[PDB]
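Everything on this sheet refers to the single structure shown next.
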Amino acid sequence: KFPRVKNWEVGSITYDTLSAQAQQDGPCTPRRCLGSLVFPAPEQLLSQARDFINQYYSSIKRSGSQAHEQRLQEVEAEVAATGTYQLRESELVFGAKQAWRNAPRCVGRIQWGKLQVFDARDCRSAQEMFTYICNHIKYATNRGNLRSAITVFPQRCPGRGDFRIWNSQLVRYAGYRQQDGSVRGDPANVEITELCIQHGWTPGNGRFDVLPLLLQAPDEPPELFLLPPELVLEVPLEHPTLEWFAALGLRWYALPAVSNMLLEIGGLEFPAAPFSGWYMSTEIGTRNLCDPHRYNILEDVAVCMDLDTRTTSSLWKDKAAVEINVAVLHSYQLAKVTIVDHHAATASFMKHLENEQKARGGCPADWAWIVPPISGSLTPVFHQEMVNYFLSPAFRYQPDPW
Amino acid sequence: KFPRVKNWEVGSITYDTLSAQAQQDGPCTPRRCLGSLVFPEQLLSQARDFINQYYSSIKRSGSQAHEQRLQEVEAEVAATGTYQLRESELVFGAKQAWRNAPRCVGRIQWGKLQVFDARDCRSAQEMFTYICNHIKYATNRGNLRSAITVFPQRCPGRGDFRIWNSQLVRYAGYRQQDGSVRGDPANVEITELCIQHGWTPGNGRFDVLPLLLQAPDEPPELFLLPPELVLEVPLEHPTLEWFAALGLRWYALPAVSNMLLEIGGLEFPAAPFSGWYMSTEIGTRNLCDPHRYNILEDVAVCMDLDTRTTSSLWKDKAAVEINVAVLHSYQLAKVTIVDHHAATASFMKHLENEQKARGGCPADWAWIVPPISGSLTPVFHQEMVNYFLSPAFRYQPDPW
Ligand code: HEM
Ligand code: HEM
Ligand SMILES: Cc1cc(N)nc(COc2cc(CCN3CC(F)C3)cc(F)c2F)c1
Ligand SMILES: Cc1cc(N)nc(COc2cc(CCN3CC(F)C3)cc(F)c2F)c1
Ligand SMILES: C[C@H](O)[C@H](O)[C@H]1CNc2nc(N)[nH]c(=O)c2N1
Ligand SMILES: C[C@H](O)[C@H](O)[C@H]1CNc2nc(N)[nH]c(=O)c2N1
Ligand SMILES: [Ca+2]
Ligand SMILES: [Cl-]
Ligand SMILES: [Cl-]
Ligand SMILES: [Gd]
Ligand SMILES: [Gd]
Ligand SMILES: [Zn+2]
């Protein structure tokens with residue numbers, strides 16, 4: 001039998017048949033589980049390519065057609081003579097959508113079919129590259145009505161270096177390593193901040209300075225491009241009832257755009273392929289503003305709320321953190337920037353799981369990452385047993401280029 | 001072979017060298033991770049291994065008292081088919097089985113645990129007497145103390161001592177003719193058993209169930225608990241005066257009565273254990289889970305929150321005040337209670353000690369991180385390795 005999974009809220013029990021098709025292997029063994037750890041050539045090429053082509057031809061219900069036979073023989077031959085192959089434009093669209101769908105740690109996959117694929121595979125420099133990214137940012141932001149998107153730059157090929165985006169996200173706030181060891185700004189970004197300065201960017205001093213982009217064309221040092229201020233939509237944070245909250249001077253950007261993962265499709269690998277959607281409020285509120293190693297505003301909010309911060313059995317931390325999440329959602333709703341709260345996010349996810357069971361008989365999900373970072377057992381995915389495993393196509397972490 | 005484990009808030013790295021000695025096999029493979037799932041003569045070799053453990057524990061291994069005990073158990077099994085634990089070994093295996101429990105966040109307490117030897121027990125009324133001493137001793141007027149009572153081990157050819165109740169204190173769950181349930185829905189199966197085995201049903205949301213105790217090769221027997229023995233806490237809020245009127249209450253003693261204990265290849269199908277509650281077990285899981293008392297929307301109504309839009313975070317605002325009411329009510333009543341913040345920071349200190357005592361600590365992240373305010377507690381940011389050491393507590397098939 002396959003793994004029996006159970007919902008503890010309804011009582012229902014499914015079986016994950018899909019997990020059996022897992023090709024690449026993960027970090028657990030029968031002797032110890034490592035599911036909480038953040039970071040765990042022609043014939044392999046041909047078998048990876050073959051499986052993808054079959055997936056494409058399954059999707060459009062043309063399995064076994066003449067075109068399916070022919071595209072396999074086609075791909076077999078280009079690999080035999082070039083050692084590589086090229087994806088058709090429609091295969092590349094299907095692949096990116098499958099990579100999102102396959103991402104165990106994404107709670108937003110109900111959207112996986114509504115994804116706008118920008119082909120940039122004939123990009124030829126860091127300048128053309130920056131251009132493709134401003135077009136992405138412009139399209140996905142859409143003056144606050146967010147639309148998911150991905151720009152696919154050229155594939156890894158033997159002989160040439162990769163395109164790389166050095167920033168982890170397109171929009172990120174500077175993190176200034178202050179002289180006494182602290183940080184003014186986002187501490188997650190002190191490394192990329194240091195690298196930007198060294199490469200010629202003149203920094204500022206705010207807690208919310210937008211970083212410039214370091215873009216790396218093949219075999220070439222990274223280049224510095226500044227984003228146009230009017231392309232970076234930002235939301236000033238205020239509270240529906242706590243009027244002093246606005247004086248804190250808090251801002252966050254509209255667009256979450258992950259720029260440093262690698263997209264892998266039918267064995268081909270795309271080092272640079274920024275994708276974006278919209279935020280879940282708890283990523284801004286709890287994670288980005290309350291993590292102790294992030295902006296870490298939680299105690300200061302609480303004191304202004306006049307909460308007894310001297311004993312945890314008042315649950316001041318939880319009262320303050322709830323209020324920072326109210327402010328985030330209310331400020332996005334105000335500025336008319338798309339955003340979703342962790343209750344709708346996770347209940348749409350439960351709608352994704354049920355479809356995936358019908359569609360594929362399984363859905364790779366990382367429980368520790370799908371459960372939101374506040375109010376876990378309040379949401380429905382808490383009581384949902386989940387099976388984690390690796391499908392291709394896929395987004396993958398990759399080394400920092402430097 | 002030595003799993004690197006990181007703390008992301010701090011940036012500290014340690015390696016778990018203890019996972020190499022993992023006795024049994026978990027549910028996971030290189031192909032698929034199943035951590036999230038809730039339920040995932042060679043006797044001589046388990047018993048040999050536990051004894052080296054024990055004598056190493058007390059700084060006198062391979063020595064004189066070691067080899068005596070070895071050829072002791074050997075002859076015991078060769079003459080019987082099982083063997084008998086020394087009292088001190090029983091005490092030590094009791095604490096180890098708690099200390100090895102990967103899902104327990106309270107393991108900072110594993111040193112202080114009162115073991116009650118009841119392996120000289122026969123008859124359900126004898127069971128019932130051992131049990132009420134436990135309850136009395138562990139309640140201790142509200143200053144809770146940790147304890148386990150060990151009933152006679154499994155042995156070949158013979159029946160078994162089973163407590164049919166999942167916990168020693170459990171509220172009744174009456175399936176209604178409208179479909180739903182009055183009381184604790186978790187307990188619909190045990191409550192029907194109590195009626196089927198003689199008990200006269202109450203009809204309240206907090207009717208304490210009787211005890212169905214089973215002695216080898218006889219049916220189980222009803223055993224009602226003296227009401228002065230089951231310390232309960234009426235729930236009220238420090239500032240919301242209506243809250244008291246909701247009539248909520250919970251019990252003082254978390255006491256688990258359905259797990260099996262395993263020591264040196266020996267298995268004890270009855271061995272109940274008890275400590276004190278973490279607040280989020282009461283406030284968030286038992287009162288707020290959709291399939292338990294499910295009180296969130298009622299508390300929210302009373303606070304005049306907006307319940308037709310998820311983004312007002314009414315579920316969160318309600319849950320917090322419910323948890324605040326739990327903490328206030330236990331403190332007011334001088335019953336031991338611990339909040340998830342204090343608990344989780346103590347569990348860090350347990351991880352950090354155990355890193356020096358044994359070089360690691362089996363921990364199940366999904367069950368260590370509390371069900372409210374996850375990322376606000378420091379265990380959220382701690383990578384964890386889950387494996388199975390022995391001795392241990394285990395789940396076991398229901399007796400019927
Ligand atoms: C449209 C709305 C979307 C929402 C609400 C959403 C939500 C989320 C959240 C909350 C996470 C966990 C993030 C963290 O805490 O680090 C995540 C992870 C992830 N998302 Fe989504 N996402 C969306 C769109 C997308 C798109 C469009 C893609 C790719 C085309 C994508 C791919 C991924 C991947 C690969 C991860 C895993 C990264 C990691 O392990 O940190 N997501 N998503
Ligand atoms: C004294 C303070 C204690 C605290 C604060 C505490 C807290 C907790 C919590 C919150 C859990 C997770 C709830 C769950 O399992 O769903 C748990 C599980 C557990 N604890 Fe503790 N506990 C304490 C004492 C004990 C004692 C005295 C023992 C045994 C002698 C023990 C052994 C276990 C076991 C075996 C489990 C879960 C088994 C499983 O689900 O696989 N704990 N505890
Ligand atoms: C498209 C999209 C929409 C949305 N709402 N959120 C995301 C965040 O995804 C990622 C988020 C992070 C940040 C790392 N994490 C640890 C910290 F706590 C956040 C890395 C990464 F590699 C991701 F992919 C993406
Ligand atoms: C001694 C002690 C103290 C304390 N504070 N909590 C406990 C929890 O005991 C257990 C509780 C449960 C219940 C299952 N889960 C669903 C609900 F969410 C808890 C299972 C289990 F296997 C346990 F072991 C024990
Ligand atoms: C150590 C731990 O696994 C790590 O902090 C994880 C836990 N789960 C998470 N889940 C999400 N969605 N995002 C995260 O950053 C994390 N962090
Ligand atoms: C499906 C999932 O494994 C299940 O809800 C788990 C999650 N974490 C938990 N954590 C604790 N402490 N108790 C639980 O019952 C659970 N349940
Ligand atoms: Ca061609
Ligand atoms: Cl982010
Ligand atoms: Cl409980
Ligand atoms: Gd106000
Ligand atoms: Gd009122
Ligand atoms: Zn695992």
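Note on naming: chains are A, B, ... as they come in the structure tokens, residues start from 1 per chain, ligands start from 1 in the order shown.
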Write down, as a PyMOL selection string, each residue of chain B that has any atom within 6 Å of an atom of chain A, counting only C-alpha atoms.
chain B and resi 9+25-34+36-37+291+311+371-375+383+385-387
Write the selection just made, keeping N, CA, C and O atoms, as a compact mmCIF listing (two decimals), in the first residue's frame?
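Here's the written file again-v8.txt:
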```txt
# COMPACT_ATOMS: atom_id res chain seq x y z
N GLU B 9 17.31 31.61 14.40
CA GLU B 9 17.26 32.88 15.11
C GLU B 9 18.64 33.27 15.64
O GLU B 9 19.01 34.45 15.59
N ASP B 25 12.64 1.73 13.66
CA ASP B 25 12.52 2.41 12.38
C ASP B 25 11.30 3.32 12.37
O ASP B 25 10.21 2.90 12.77
N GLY B 26 11.48 4.55 11.90
CA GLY B 26 10.40 5.50 11.78
C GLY B 26 9.58 5.28 10.53
O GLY B 26 9.61 4.21 9.92
N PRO B 27 8.81 6.28 10.11
CA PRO B 27 7.90 6.06 8.99
C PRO B 27 8.46 6.52 7.66
O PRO B 27 7.90 6.20 6.61
N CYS B 28 9.59 7.22 7.69
CA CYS B 28 10.08 8.01 6.57
C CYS B 28 11.07 7.19 5.74
O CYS B 28 11.68 6.25 6.23
N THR B 29 11.19 7.54 4.46
CA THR B 29 12.16 6.94 3.55
C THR B 29 12.77 8.05 2.70
O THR B 29 12.29 9.18 2.69
N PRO B 30 13.86 7.76 1.97
CA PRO B 30 14.41 8.77 1.05
C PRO B 30 13.42 9.27 0.01
O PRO B 30 13.65 10.33 -0.59
N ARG B 31 12.31 8.57 -0.19
CA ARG B 31 11.35 8.94 -1.21
C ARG B 31 10.27 9.90 -0.71
O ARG B 31 9.81 10.73 -1.49
N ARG B 32 9.87 9.82 0.56
CA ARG B 32 8.71 10.55 1.06
C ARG B 32 8.82 10.65 2.57
O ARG B 32 9.18 9.67 3.22
N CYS B 33 8.53 11.84 3.10
CA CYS B 33 8.58 12.15 4.52
C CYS B 33 7.16 12.13 5.08
O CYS B 33 6.27 12.79 4.55
N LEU B 34 6.96 11.37 6.17
CA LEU B 34 5.66 11.21 6.79
C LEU B 34 5.65 11.70 8.24
O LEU B 34 4.82 11.25 9.03
N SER B 36 4.43 14.30 9.59
CA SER B 36 3.15 14.89 9.98
C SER B 36 2.10 13.87 10.40
O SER B 36 1.11 14.24 11.04
N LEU B 37 2.27 12.60 10.06
CA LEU B 37 1.25 11.62 10.42
C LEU B 37 1.29 11.31 11.92
O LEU B 37 2.36 11.13 12.51
N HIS B 291 -13.24 19.86 15.99
CA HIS B 291 -13.81 18.56 16.30
C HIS B 291 -13.80 18.27 17.81
O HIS B 291 -14.07 17.14 18.21
N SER B 311 -10.47 38.32 7.56
CA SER B 311 -9.31 39.19 7.67
C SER B 311 -9.39 40.14 8.85
O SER B 311 -8.43 40.87 9.09
N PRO B 371 0.42 25.30 19.13
CA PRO B 371 -0.58 25.53 18.06
C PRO B 371 -1.12 26.96 17.98
O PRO B 371 -1.99 27.22 17.14
N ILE B 372 -0.66 27.88 18.82
CA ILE B 372 -0.86 29.30 18.59
C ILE B 372 0.48 29.98 18.81
O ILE B 372 1.28 29.54 19.64
N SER B 373 0.75 31.01 18.01
CA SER B 373 1.95 31.84 18.13
C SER B 373 3.26 31.10 17.83
O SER B 373 4.31 31.45 18.36
N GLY B 374 3.22 30.09 16.95
CA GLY B 374 4.40 29.35 16.54
C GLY B 374 5.69 30.14 16.43
O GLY B 374 6.54 30.03 17.31
N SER B 375 5.82 30.98 15.40
CA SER B 375 7.03 31.76 15.14
C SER B 375 7.39 32.73 16.25
O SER B 375 8.49 33.32 16.22
N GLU B 383 15.91 23.79 14.24
CA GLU B 383 15.82 22.54 13.50
C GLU B 383 15.87 21.37 14.48
O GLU B 383 16.53 21.43 15.52
N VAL B 385 15.64 16.88 14.94
CA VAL B 385 15.80 15.53 14.41
C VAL B 385 14.93 14.59 15.24
O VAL B 385 15.06 14.53 16.47
N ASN B 386 14.05 13.85 14.56
CA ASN B 386 13.14 12.91 15.21
C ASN B 386 13.57 11.47 14.91
O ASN B 386 13.66 11.08 13.74
N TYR B 387 13.84 10.69 15.97
CA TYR B 387 14.15 9.26 15.90
C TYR B 387 13.65 8.56 17.16
O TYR B 387 13.21 9.21 18.11
```
Any residue with an atom at most 7 Å from ligand 10 counts, using only C-alpha atoms and all ligand atoms. Which are they? Put them as a short mmCIF file (atom, residue, chain, number, x, y, z; two decimals) with N, CA, C and O atoms, in the first residue's frame.
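Writing the result to pocket_27.cif gives the following:
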```cif
data_model
loop_
_atom_site.label_atom_id
_atom_site.label_comp_id
_atom_site.auth_asym_id
_atom_site.auth_seq_id
_atom_site.Cartn_x
_atom_site.Cartn_y
_atom_site.Cartn_z
N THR A 241 -7.68 50.95 14.37
CA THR A 241 -8.06 51.66 15.59
C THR A 241 -6.87 52.25 16.34
O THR A 241 -7.01 53.34 16.87
N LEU A 242 -5.70 51.61 16.35
CA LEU A 242 -4.57 52.19 17.09
C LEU A 242 -3.90 53.26 16.24
O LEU A 242 -3.09 52.97 15.36
N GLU A 243 -4.24 54.52 16.53
CA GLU A 243 -3.82 55.63 15.69
C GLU A 243 -2.33 55.89 15.82
O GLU A 243 -1.70 56.36 14.86
#
```
Just give me the gap between atom CA of residue 194 of chain B and atom CA of residue 295 of chain B in Å, one decimal is fine.
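We find that atom CA of residue 194 of chain B and atom CA of residue 295 of chain B lie 25.8 Å from each other.
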Contacts of residue 245 of chain A at 10 Å or less, counting only C-alpha atoms, minus same-chain residues fewer than 5 places along, as a CSV table (one decimal) with N, CA, C and O atoms, in the first residue's frame?
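Output below, filename selection_24.csv:
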```
chain,number,residue,atom,x,y,z
A,237,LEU,N,2.2,51.2,6.7
A,237,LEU,CA,1.4,50.5,7.6
A,237,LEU,C,0.7,51.4,8.6
A,237,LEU,O,1.4,52.2,9.3
A,238,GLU,N,-0.6,51.2,8.7
A,238,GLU,CA,-1.4,51.9,9.8
A,238,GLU,C,-2.4,51.0,10.4
A,238,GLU,O,-2.7,49.9,9.9
A,239,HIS,N,-3.0,51.4,11.5
A,239,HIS,CA,-3.9,50.4,12.2
A,239,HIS,C,-5.3,51.0,12.1
A,239,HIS,O,-5.5,52.2,12.2
A,240,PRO,N,-6.3,50.1,12.0
A,240,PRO,CA,-7.7,50.6,12.0
A,240,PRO,C,-8.1,51.3,13.2
A,240,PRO,O,-8.9,52.3,13.1
A,250,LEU,N,6.2,52.4,9.5
A,250,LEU,CA,6.4,51.1,8.9
A,250,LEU,C,5.8,51.1,7.5
A,250,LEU,O,4.7,51.6,7.2
A,301,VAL,N,5.6,47.6,20.0
A,301,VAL,CA,4.2,47.6,19.8
A,301,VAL,C,3.5,47.3,21.1
A,301,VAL,O,2.5,48.1,21.5
A,304,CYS,N,3.5,50.2,23.7
A,304,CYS,CA,2.6,51.2,23.3
A,304,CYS,C,1.1,50.8,23.5
A,304,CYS,O,0.3,51.6,23.9
A,305,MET,N,0.9,49.5,23.3
A,305,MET,CA,-0.4,48.9,23.7
A,305,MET,C,-0.7,48.9,25.2
A,305,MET,O,-1.7,48.5,25.6
A,323,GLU,N,-2.3,42.1,16.5
A,323,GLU,CA,-2.5,43.5,16.1
A,323,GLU,C,-1.6,43.9,14.9
A,323,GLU,O,-2.0,44.7,14.1
A,324,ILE,N,-0.4,43.4,14.9
A,324,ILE,CA,0.4,43.8,13.7
A,324,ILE,C,-0.1,43.1,12.5
A,324,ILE,O,0.0,43.7,11.4
A,327,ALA,N,-3.1,45.3,11.3
A,327,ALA,CA,-2.6,46.5,10.6
A,327,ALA,C,-2.2,46.2,9.2
A,327,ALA,O,-2.6,46.9,8.2
```
Would you list the residues that come within 10 Å of ligand 4? Count only C-alpha atoms and all ligand atoms and give the answer as a VMD selection string.
(chain A and resid 8 377 383) or (chain B and resid 38 to 39 98 101 103 to 106 146 to 148 166 to 167 186 252 to 259 272 to 282 284 to 286 289 292 337 to 338 367 371 393 to 395)
Requested write-out: N, CA and C atoms of the selected residues, as a tab-separated table (two decimals), in the first residue's frame:
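part-v1.tsv, written as the output of this step:
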```tsv
chain	number	residue	atom	x	y	z
A	8	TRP	N	-7.98	15.05	10.40
A	8	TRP	CA	-8.47	14.89	11.76
A	8	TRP	C	-9.68	15.76	12.07
A	377	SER	N	-3.37	25.69	14.60
A	377	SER	CA	-4.51	24.81	14.81
A	377	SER	C	-5.85	25.51	14.60
A	383	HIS	N	-4.88	20.16	10.91
A	383	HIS	CA	-5.40	18.83	11.17
A	383	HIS	C	-5.31	17.92	9.95
B	38	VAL	N	0.11	11.24	12.52
B	38	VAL	CA	-0.01	11.06	13.96
B	38	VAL	C	0.41	9.65	14.38
B	39	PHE	N	-0.24	8.62	13.80
B	39	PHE	CA	0.07	7.23	14.11
B	39	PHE	C	0.86	6.62	12.96
B	98	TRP	N	10.23	8.62	29.18
B	98	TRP	CA	9.76	10.01	29.08
B	98	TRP	C	10.77	10.89	28.36
B	101	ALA	N	10.73	10.59	24.70
B	101	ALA	CA	9.45	10.90	24.05
B	101	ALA	C	9.59	12.12	23.14
B	103	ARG	N	7.66	13.80	21.05
B	103	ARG	CA	6.64	14.84	20.95
B	103	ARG	C	6.41	15.64	22.23
B	104	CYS	N	7.01	15.29	23.38
B	104	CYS	CA	6.72	15.96	24.66
B	104	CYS	C	7.59	17.21	24.82
B	105	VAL	N	6.96	18.37	25.02
B	105	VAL	CA	7.71	19.61	25.18
B	105	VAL	C	8.12	19.84	26.63
B	106	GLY	N	7.62	19.03	27.55
B	106	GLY	CA	7.87	19.22	28.96
B	106	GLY	C	9.04	18.42	29.49
B	146	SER	N	4.59	15.11	39.08
B	146	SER	CA	4.68	14.13	38.01
B	146	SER	C	4.74	12.71	38.57
B	147	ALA	N	4.12	11.77	37.87
B	147	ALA	CA	4.08	10.40	38.38
B	147	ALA	C	3.70	9.42	37.28
B	148	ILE	N	4.08	8.15	37.48
B	148	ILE	CA	3.59	7.04	36.67
B	148	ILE	C	3.38	5.85	37.58
B	166	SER	N	-9.01	6.58	27.68
B	166	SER	CA	-7.86	7.16	27.00
B	166	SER	C	-7.04	8.01	27.95
B	167	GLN	N	-7.72	8.79	28.79
B	167	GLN	CA	-7.13	9.46	29.94
B	167	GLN	C	-7.91	9.08	31.20
B	186	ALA	N	-14.41	13.92	21.21
B	186	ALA	CA	-13.35	12.92	21.20
B	186	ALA	C	-13.77	11.63	21.89
B	252	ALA	N	-7.67	19.30	36.13
B	252	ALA	CA	-6.37	19.74	36.60
B	252	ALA	C	-5.25	18.80	36.22
B	253	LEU	N	-5.55	17.52	36.02
B	253	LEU	CA	-4.52	16.49	35.89
B	253	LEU	C	-4.50	15.90	34.49
B	254	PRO	N	-3.52	16.22	33.67
B	254	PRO	CA	-3.39	15.48	32.41
B	254	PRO	C	-2.77	14.13	32.72
B	255	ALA	N	-3.52	13.05	32.54
B	255	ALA	CA	-3.07	11.72	32.95
B	255	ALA	C	-3.45	10.73	31.85
B	256	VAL	N	-2.44	10.19	31.18
B	256	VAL	CA	-2.64	9.38	29.98
B	256	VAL	C	-2.65	7.91	30.39
B	257	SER	N	-3.71	7.18	30.01
B	257	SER	CA	-3.98	5.85	30.55
B	257	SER	C	-4.12	4.77	29.48
B	258	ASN	N	-3.70	5.04	28.24
B	258	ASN	CA	-3.91	4.08	27.17
B	258	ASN	C	-2.65	3.76	26.38
B	259	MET	N	-1.49	4.28	26.78
B	259	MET	CA	-0.26	3.98	26.06
B	259	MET	C	0.46	2.79	26.69
B	272	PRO	N	-0.16	4.29	33.49
B	272	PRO	CA	-0.57	5.69	33.31
B	272	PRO	C	0.41	6.67	33.93
B	273	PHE	N	0.56	7.83	33.28
B	273	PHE	CA	1.50	8.88	33.67
B	273	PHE	C	0.80	10.24	33.63
B	274	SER	N	1.34	11.22	34.38
B	274	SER	CA	0.65	12.48	34.56
B	274	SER	C	1.65	13.58	34.89
B	275	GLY	N	1.36	14.78	34.41
B	275	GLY	CA	2.15	15.94	34.78
B	275	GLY	C	1.20	17.08	35.06
B	276	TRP	N	1.44	18.23	34.43
B	276	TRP	CA	0.51	19.35	34.43
B	276	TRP	C	0.41	19.91	33.03
B	277	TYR	N	-0.61	20.74	32.81
B	277	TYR	CA	-0.95	21.18	31.46
B	277	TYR	C	-0.09	22.33	30.98
B	278	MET	N	0.15	22.34	29.68
B	278	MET	CA	0.46	23.57	29.00
B	278	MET	C	-0.86	24.23	28.62
B	279	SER	N	-0.90	25.55	28.76
B	279	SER	CA	-2.15	26.28	28.59
B	279	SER	C	-2.78	26.07	27.20
B	280	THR	N	-1.96	25.99	26.14
B	280	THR	CA	-2.55	25.88	24.80
B	280	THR	C	-3.16	24.51	24.53
B	281	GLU	N	-2.84	23.50	25.35
B	281	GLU	CA	-3.53	22.22	25.23
B	281	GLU	C	-4.98	22.35	25.62
B	282	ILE	N	-5.24	23.08	26.70
B	282	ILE	CA	-6.60	23.32	27.14
B	282	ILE	C	-7.26	24.37	26.25
B	284	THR	N	-6.45	26.10	23.38
B	284	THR	CA	-6.51	25.99	21.93
B	284	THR	C	-6.94	24.62	21.42
B	285	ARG	N	-6.41	23.52	21.94
B	285	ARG	CA	-6.75	22.28	21.26
B	285	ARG	C	-8.08	21.71	21.76
B	286	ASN	N	-8.29	21.69	23.07
B	286	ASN	CA	-9.48	21.01	23.56
B	286	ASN	C	-10.73	21.86	23.43
B	289	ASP	N	-10.48	23.28	18.93
B	289	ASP	CA	-10.41	22.47	17.72
B	289	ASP	C	-11.82	22.29	17.16
B	292	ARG	N	-13.48	19.26	18.63
B	292	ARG	CA	-13.56	19.16	20.09
B	292	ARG	C	-14.69	20.04	20.57
B	337	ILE	N	0.03	25.35	36.14
B	337	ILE	CA	-0.20	25.55	34.72
B	337	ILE	C	1.03	26.25	34.16
B	338	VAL	N	1.33	25.98	32.88
B	338	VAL	CA	2.51	26.55	32.25
B	338	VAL	C	2.10	27.11	30.89
B	367	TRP	N	4.99	18.69	16.87
B	367	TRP	CA	4.37	18.54	18.15
B	367	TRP	C	5.09	19.32	19.23
B	371	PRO	N	0.42	25.30	19.13
B	371	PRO	CA	-0.58	25.53	18.06
B	371	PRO	C	-1.12	26.96	17.98
B	393	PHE	N	7.62	5.17	25.37
B	393	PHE	CA	6.17	5.04	25.34
B	393	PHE	C	5.71	4.84	23.90
B	394	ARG	N	4.69	4.00	23.72
B	394	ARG	CA	4.15	3.75	22.38
B	394	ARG	C	2.63	3.72	22.40
B	395	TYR	N	2.05	3.95	21.24
B	395	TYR	CA	0.63	3.70	21.11
B	395	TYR	C	0.38	2.21	20.99
```
Residues within 9 Å of residue 90 of chain B, please, as a list in words. Count only C-alpha atoms; anything in the same chain fewer than 5 positions from it doesn't count.
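The residues satisfying every condition are residues 85, 95, 115, 117, 150 and 263 of chain B.
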Let me see if you get this right: every residue at most 10 Å from ligand 11, counting only C-alpha atoms and all ligand atoms, written as a count of residues only.
5
If we count only C-alpha atoms and set the cut-off at 9 Å, which residues sit around residue 257 of chain A, ignoring sequence neighbours fewer than 5 positions away in its own chain? Please answer as a PDB file with N, CA, C and O atoms, in the first residue's frame.
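Result saved to selection.pdb:
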```pdb
ATOM      1  N   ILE A 137       7.972  43.316 -13.257  1.00  0.00           N
ATOM      2  CA  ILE A 137       7.544  44.060 -12.080  1.00  0.00           C
ATOM      3  C   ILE A 137       6.328  44.873 -12.458  1.00  0.00           C
ATOM      4  O   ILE A 137       5.318  44.872 -11.739  1.00  0.00           O
ATOM      5  N   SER A 168      18.001  37.889  -3.644  1.00  0.00           N
ATOM      6  CA  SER A 168      17.080  36.801  -3.322  1.00  0.00           C
ATOM      7  C   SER A 168      15.654  37.147  -3.708  1.00  0.00           C
ATOM      8  O   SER A 168      14.847  36.254  -3.982  1.00  0.00           O
ATOM      9  N   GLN A 169      15.312  38.425  -3.711  1.00  0.00           N
ATOM     10  CA  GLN A 169      14.021  38.868  -4.214  1.00  0.00           C
ATOM     11  C   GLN A 169      14.231  40.159  -4.991  1.00  0.00           C
ATOM     12  O   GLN A 169      15.171  40.917  -4.724  1.00  0.00           O
ATOM     13  N   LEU A 170      13.342  40.413  -5.947  1.00  0.00           N
ATOM     14  CA  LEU A 170      13.465  41.632  -6.748  1.00  0.00           C
ATOM     15  C   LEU A 170      13.381  42.885  -5.889  1.00  0.00           C
ATOM     16  O   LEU A 170      14.157  43.829  -6.083  1.00  0.00           O
ATOM     17  N   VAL A 171      12.457  42.920  -4.931  1.00  0.00           N
ATOM     18  CA  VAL A 171      12.290  44.072  -4.048  1.00  0.00           C
ATOM     19  C   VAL A 171      12.673  43.612  -2.656  1.00  0.00           C
ATOM     20  O   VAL A 171      12.051  42.682  -2.135  1.00  0.00           O
ATOM     21  N   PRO A 274      12.926  34.545 -12.154  1.00  0.00           N
ATOM     22  CA  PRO A 274      12.139  35.165 -11.078  1.00  0.00           C
ATOM     23  C   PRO A 274      10.653  34.938 -11.279  1.00  0.00           C
ATOM     24  O   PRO A 274      10.140  35.023 -12.403  1.00  0.00           O
ATOM     25  N   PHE A 275       9.975  34.608 -10.172  1.00  0.00           N
ATOM     26  CA  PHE A 275       8.532  34.436 -10.142  1.00  0.00           C
ATOM     27  C   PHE A 275       7.945  35.311  -9.031  1.00  0.00           C
ATOM     28  O   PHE A 275       8.647  35.730  -8.108  1.00  0.00           O
ATOM     29  N   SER A 276       6.651  35.609  -9.123  1.00  0.00           N
ATOM     30  CA  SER A 276       6.028  36.480  -8.131  1.00  0.00           C
ATOM     31  C   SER A 276       4.542  36.159  -8.037  1.00  0.00           C
ATOM     32  O   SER A 276       3.939  35.669  -8.992  1.00  0.00           O
ATOM     33  N   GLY A 277       3.961  36.406  -6.872  1.00  0.00           N
ATOM     34  CA  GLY A 277       2.509  36.425  -6.759  1.00  0.00           C
ATOM     35  C   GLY A 277       2.078  37.559  -5.870  1.00  0.00           C
ATOM     36  O   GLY A 277       2.462  38.697  -6.122  1.00  0.00           O
ATOM     37  N   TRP A 278       1.332  37.261  -4.801  1.00  0.00           N
ATOM     38  CA  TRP A 278       0.964  38.245  -3.788  1.00  0.00           C
ATOM     39  C   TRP A 278       1.241  37.670  -2.390  1.00  0.00           C
ATOM     40  O   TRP A 278       1.490  36.476  -2.207  1.00  0.00           O
TER      41      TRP A 278
END
```
Residues of chain B within 8 Å of ligand 5: nearest atom pair and distance (Å, one decimal) for each, counting only C-alpha atoms and all ligand atoms, sorted by chain and number, as a Markdown table?
```
| residue | atom | partner | partner_atom_place_in_ligand_line | distance |
| --- | --- | --- | --- | --- |
| B:6 | CA | ligand 5 | 1 (C) | 7.5 |
| B:7 | CA | ligand 5 | 1 (C) | 6.9 |
| B:8 | CA | ligand 5 | 5 (O) | 6.5 |
| B:365 | CA | ligand 5 | 3 (O) | 7.7 |
| B:375 | CA | ligand 5 | 5 (O) | 7.7 |
| B:379 | CA | ligand 5 | 1 (C) | 7.9 |
| B:380 | CA | ligand 5 | 5 (O) | 5.5 |
| B:381 | CA | ligand 5 | 5 (O) | 4.2 |
| B:382 | CA | ligand 5 | 1 (C) | 4.7 |
| B:383 | CA | ligand 5 | 1 (C) | 4.2 |
| B:384 | CA | ligand 5 | 1 (C) | 7.3 |
```
